[PDB]
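Chemist:
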Amino acid sequence: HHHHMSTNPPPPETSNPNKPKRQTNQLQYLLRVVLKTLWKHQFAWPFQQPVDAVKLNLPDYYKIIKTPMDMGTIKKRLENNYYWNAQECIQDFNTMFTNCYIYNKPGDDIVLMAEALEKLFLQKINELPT
Ligand SMILES: O=C(/C=C/c1ccc(O)cc1)c1ccc(O)cc1O
Ligand code: NA
Ligand code: NA
Numbered sequence: 037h038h039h040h041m042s043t044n045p046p047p048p049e050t051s052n053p054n055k056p057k058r059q060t061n062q063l064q065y066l067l068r069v070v071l072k073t074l075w076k077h078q079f080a081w082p083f084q085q086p087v088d089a090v091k092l093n094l095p096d097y098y099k100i101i102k103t104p105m106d107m108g109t110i111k112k113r114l115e116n117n118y119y120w121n122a123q124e125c126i127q128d129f130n131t132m133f134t135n136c137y138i139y140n141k142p143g144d145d146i147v148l149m150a151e152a153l154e155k156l157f158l159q160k161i162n163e164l165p166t
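In structure tokens, the structure reads:
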């Protein structure tokens, strides 16, 4: 079974022509302010693209994580006006952080990074437009 090597699943979709979409002030804020400041963080790098289980040598990642999400996927979704409301985008951020905590253990370097971005994310969404 040497040909059976670890592979990544297809990444989450960033467009869907049959999904209803909207452009709200809150969604514009989520891209302009929330994502674009998190994106510039020193700890942002592990979350700027889907977990590449092949490259990072984590063949068990997608055996554990069944609803993957990352800021690269969120950024593309926000830029593509993929979302209907802010809650949908916020749920994607929540999913990204929770996956990191599920897959890893408290105190891991990746977890300490996720906790730091999560606290900044909650700070930034504390006040949304309207
Ligand atoms: O970068 C890593 C993991 C990132 C990550 C991102 C999101 C998650 O939900 C879980 C892990 C990583 C993991 C193991 C390793 O040896 C070297 C590495 O660089
Ligand atoms: Na865990
Ligand atoms: Na705010």
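Sequential numbering from 37 applies to the sequence shown in the deposited numbering.
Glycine residues also receive a C-beta, built at the ideal position from the N, C-alpha and C atoms.
DSSP state of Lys-91, grouped into three classes?
Modeler: Of the three classes helix, strand and coil, the one that applies to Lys-91 here is coil, per DSSP.
Chemist: Suppose you measure from the CA of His-77 to the CA of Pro-86; what does that come to, to the nearest Å?
Modeler: If I take the Cα positions, the gap works out to 17 angstroms.
Chemist: Examine ligand 2 and report whether any of its heavy atoms sits within less than 8 angstroms of the Cβ of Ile-138.
Modeler: Indeed, a heavy atom of ligand 2 lies less than 8 angstroms from the Cβ.
Chemist: Rounded to the nearest angstrom, what separates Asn-117 and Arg-68 at their Cα positions?
Modeler: Whole-angstrom Cα-Cα distance: 13 angstroms.
Chemist: Flag this pair as yes or no: are the beta carbons of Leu-63 and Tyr-119 separated by less than 9 angstroms?
Modeler: Yes.
Chemist: If you draw a straight line from the alpha carbon of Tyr-137 to that of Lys-72, how long is it in whole angstroms?
Modeler: Each residue's alpha carbon lies about 23 angstroms from the other.
Chemist: Please classify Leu-74 as buried or exposed, where buried requires at least 16 neighbouring CB atoms within 10 angstroms.
Modeler: Looking at its Cβ environment, which holds 16 or more other Cβ atoms inside 10 Å, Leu-74 is buried.
Chemist: State the Cα-Cα distance for the pair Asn-52 and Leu-94, rounded to the nearest angstrom.
Modeler: Distance between the alpha carbons of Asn-52 and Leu-94: 29 angstroms.
Chemist: Beta-carbon distances below 7 angstroms to any heavy atom of ligand 3 define the shell here; list its residues in chain order, please.
Modeler: Taking each Cβ in turn, the ones that pass are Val-69, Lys-160, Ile-161, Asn-162, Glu-163, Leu-164.
Chemist: Using beta-carbon positions only, say whether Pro-82 and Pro-48 come within less than 9 angstroms of one another.
Modeler: Result no, Cβ atoms of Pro-82 and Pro-48 do not sit closer than 9 angstroms.
Chemist: When the Cα of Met-132 is compared with those of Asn-61, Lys-102, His-39, which residue comes out closest?
Modeler: That would be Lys-102, whose Cα lies nearest to the Cα of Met-132.
Chemist: Does the Cβ of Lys-141 lie closer than 8 angstroms to at least one heavy atom of ligand 2?
Modeler: For ligand 2, at least one heavy atom lies less than 8 angstroms from the Cβ of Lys-141.
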